[PDB]
Amino acid sequence: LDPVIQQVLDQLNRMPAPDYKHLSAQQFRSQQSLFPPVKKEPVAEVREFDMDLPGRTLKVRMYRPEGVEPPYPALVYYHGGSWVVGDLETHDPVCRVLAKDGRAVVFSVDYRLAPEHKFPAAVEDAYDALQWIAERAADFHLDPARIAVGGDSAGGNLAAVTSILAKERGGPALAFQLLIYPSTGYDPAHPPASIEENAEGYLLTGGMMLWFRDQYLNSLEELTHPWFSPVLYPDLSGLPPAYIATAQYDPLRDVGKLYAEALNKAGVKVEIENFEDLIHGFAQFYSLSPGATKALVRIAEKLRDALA
């Protein structure tokens, strides 16, 4: 068997065969891990509904894990995609792993994308979505004291900013921040080592990074706007405890590190783990790469411990 294939098969075969004799087409379609060849972990329930907010409606997908009992701890998740791409489908596999292994109800938010909707549209969506869900904790049998925010890449950025906004606005209460190789920013006059080092050859490149910023931002001044680069916010005290995952061969590796330092500096509890042999966006390789698979579950296990 071809190297990669043998690996994916065991990864895809991990779960048994669904009781085909009693399987509906809609269910098969929602769970099929054939194309793309990415495994979709089973959860007890997946609901999709609309979130009517002022000026716009956001689609949402809720994942309730099997074996967990109410009140449920929860995670409001914002997908990655550099503020320009990604949707509920691209990160469906990721949310399933976080719900299943994190033992928490996950709410994946379909926030508005640039350039159609420039900064700070996504930021407003992230906060308002958190607020909408928190206001409806009972509706989802959630434990109000165990609602966390999180995201990968641009999504991690949104989760981090939402926490600050929630602090300034007086709420809602956030119990934890799950930041997966987040784009939390840095000072352009002090770009960390990794930015220069891993500029090319690892999926996320410098040319790509500038391009994404062009699509998302309106002016150069916004490069240091705290809602874009939260690491620059002057008062990170009182924020929710956080867990940050970084990838060794990721230009944003040191960016994640810089946020752990800023949070730590402000007296915020934070744990940062750097994953060896992985690149930016490794969550997308869940079920394909053994290392990525192990790392993403490790991240989900960190979420579980945090919301216990």
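Starting from 1, each residue takes its place in the sequence as its number. Quick note: numbers below take in every heavy atom, side chains included, and nothing from hydrogens, waters or symmetry partners.
With sequence neighbours left out, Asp87 forms a salt bridge (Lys or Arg N to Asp or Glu O under 4.0 Å) with no residue at all. With sequence neighbours excluded, no residue forms a ring pair (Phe, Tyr, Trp, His ring centres under 6.0 Å) with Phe212. For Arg47, the salt bridge (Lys or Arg N to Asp or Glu O under 4.0 Å) partners two or more places apart in sequence, or in a different chain, are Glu45. Annotation: side chain to side chain contact (heavy atoms under 4.5 Å, CB included) contacts of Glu135 (sequence neighbours excluded): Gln131. With sequence neighbours left out, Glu197 forms a salt bridge (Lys or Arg N to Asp or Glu O under 4.0 Å) with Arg253. Taking the salt bridge (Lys or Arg N to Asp or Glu O under 4.0 Å) definition, one finds that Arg61 meets it with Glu48, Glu89, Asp92, sequence neighbours left out.
Criterion: ILVMFWY side-chain heavy atoms under 4.5 Å apart, direct or through other members. Under it, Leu130 and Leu75 are not part of a common hydrophobic cluster. Residues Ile164 and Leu223 are members of one and the same hydrophobic cluster, defined by side-chain heavy-atom contacts under 4.5 angstrom among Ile, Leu, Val, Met, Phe, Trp and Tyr. Hydrophobic clustering (side-chain heavy atoms under 4.5 Å, transitive across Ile, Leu, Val, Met, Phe, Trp, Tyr) keeps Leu98 apart from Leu88.
Surrounding CZ of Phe228 are more than 12 heavy atoms belonging to other residues, nucleotides or ligands, all under 6.0 Å away. Within 6.0 Å of CG in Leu220 there are 12 or fewer heavy atoms belonging to other residues, nucleotides or ligands.
No side-chain heavy atom of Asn198 sits under 4.5 Å from any side-chain heavy atom of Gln248. Contact of the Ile272 side chain with the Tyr243 side chain is not registered, since no non-hydrogen atoms from C-beta on lie closer than 4.5 Å. When side chains are defined from C-beta on, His280 counts as touching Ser153, because their heavy atoms get closer than 4.5 Å. The side-chain heavy atoms of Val109 and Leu58, taken from C-beta on, include a pair separated by under 4.5 Å. Side chains of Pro73 and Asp143 form no contact here, defined as non-hydrogen atoms less than 4.5 Å apart. Considering only heavy atoms from C-beta on, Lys39 stays 4.5 Å or farther from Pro93 through its side chain.
Pairs passing the salt bridge (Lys or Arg N to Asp or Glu O under 4.0 Å) check and including a residue from residues 111-127, sequence neighbours excluded, read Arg56-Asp125, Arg112-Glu124, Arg112-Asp125. Contacts classified as ring-ring contact (aromatic ring centres under 6.0 Å, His included) and involving residues 15-50 (residues at least two apart or in different chains) are given here: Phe49-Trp132, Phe49-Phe140. Sequence neighbours left out, not one pair with a member in residues 203-223 passes side-chain hydrogen bond (donor to acceptor under 3.5 Å, both in side chains). Annotation: salt bridge (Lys or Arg N to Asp or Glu O under 4.0 Å) contacts involving residues 8-26, sequence neighbours excluded, comprise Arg14-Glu41. Pairs passing the salt bridge (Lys or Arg N to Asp or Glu O under 4.0 Å) check and including a residue from residues 273-293, sequence neighbours excluded, read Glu273-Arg298.
Panel note: side chain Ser163, backbone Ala159; a donor-acceptor pair is recorded below 3.5 Å. Between the side chain of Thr293 and the main chain of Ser289, a donor-acceptor pair closer than 3.5 Å is present.
To the nearest 0.5 Å, atoms CZ (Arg304) and CZ (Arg103) are separated by 4.5 Å.
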Would you give me the side-chain donor-acceptor pairs under 3.5 Å for residues 183-191, sequence neighbours excluded?
| residue | atom | partner | partner atom | Å |
| --- | --- | --- | --- | --- |
| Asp187 | OD1 | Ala189 | N | 3.0 |

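Outside the 6.0 Å centre-distance limit, the rings of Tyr63 and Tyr77 are not counted as a close aromatic pair. Checked against the 6.0 Å centroid criterion, the rings of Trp83 and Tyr111 do not qualify as a close aromatic pair.
A salt bridge links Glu271 to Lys302: at least one charged side-chain nitrogen sits closer than 4.0 Å to a carboxylate oxygen.
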